[PDB]
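Given next, in structure tokens, is a single chain: the form deposited in one PDB entry.
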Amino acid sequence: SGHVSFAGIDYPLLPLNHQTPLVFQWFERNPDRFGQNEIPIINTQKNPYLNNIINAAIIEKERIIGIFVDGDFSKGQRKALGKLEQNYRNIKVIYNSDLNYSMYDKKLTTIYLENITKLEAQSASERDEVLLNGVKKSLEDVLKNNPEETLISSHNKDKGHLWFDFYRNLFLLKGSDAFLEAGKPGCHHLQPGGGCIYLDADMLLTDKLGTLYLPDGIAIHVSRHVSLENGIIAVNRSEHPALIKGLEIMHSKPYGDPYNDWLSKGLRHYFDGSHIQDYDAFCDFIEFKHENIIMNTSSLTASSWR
């Protein structure tokens, strides 16, 4: 089939051709735990993530593989990453510090003040006073600590998994163009404004992915308890409107979460804005399926961070 229907609208299954890059992510809070000529990506028995990425790059010889990284790497570590690129010619290491996200950012004071205004406009007998008090307290804390704090500066390495989760969605807004923005060589056959297939490093490829066909060019991982998840996110284009929708939630909500609000609500509110379908049906509609991936293998060994 070439179309699917959800919540009463028809969506074509759009192709992600075999060009579309795969993108893995490694944000490393403590790069000093690696040797200074060591690639600073976890590669232990239980979390053999660098090996997994390499095996994927070997399988997908013909496709660009991004490794989207962040952390205070040494010069030695940057050189070992360069060397990985020399060794597997399809691997492109993208440093988060080389990308500009200011077009997606918002100040926290701004967000807090907009919410406080809105709540204070509601009657005392109508409104959520606990939230109003909590937002006021968060505003007081930001003004004391760093008035210029933004969404993006706030989702930093001291925030655990929120660091990588937040910047993963930002990367997906940029799509393939991020390779070019970061100055990576040999990326000029990527489609301008094109997409990417983001995978957690424990999503093991056992053969070639081929061409994918996704509804409105987007799909994400579903775990089965059935939940949306962020460990696979595929888009066929930059600034996918469903992801822009979720960013709008992040810009409006105090305490927006990259998984629960940006990804999960953004996509659901985009595709089922009136909430006429079951969360489970949405999951079936959006699910990224592929027989040549063994999904979320950390769940059968151990999480690399939980």
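Don't overthink the numbering: it's just position in the shown sequence, from 1. We call the rigid core whatever largest set of C-alpha positions still superposes within 1.5 Å between the two forms.
The following text describes the form deposited in another entry, which does not appear among the structures shown.
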Legend entry - Residue among 191, 138, 90, 96 whose Cα moves 2 Å or more between this form and the one not shown, once the rigid core is superposed: 138
Inset, instruction - Align both forms on the core first, then report whether residue 180 has a C-alpha shift of 2 Å or more between this form and the one not shown. - result: no
Inset, instruction - Note yes or no: does the Cα of residue 206 move by 2 Å or more between this form and the one not shown after the core is superposed? - result: no
Legend entry - Threshold 2 Å Cα movement between this form and the one not shown at residue 77, rigid core reference: no
Inset, instruction - Look at the CA atoms of residue 238 and residue 257: state whether they lie closer or farther apart in that other deposited form than in this form, given a difference of 3 Å or more. - result: farther
Legend entry - Cα distance between residue 237 and residue 258, which in that other deposited form differs by 3 Å or more from this form, closer or farther: farther
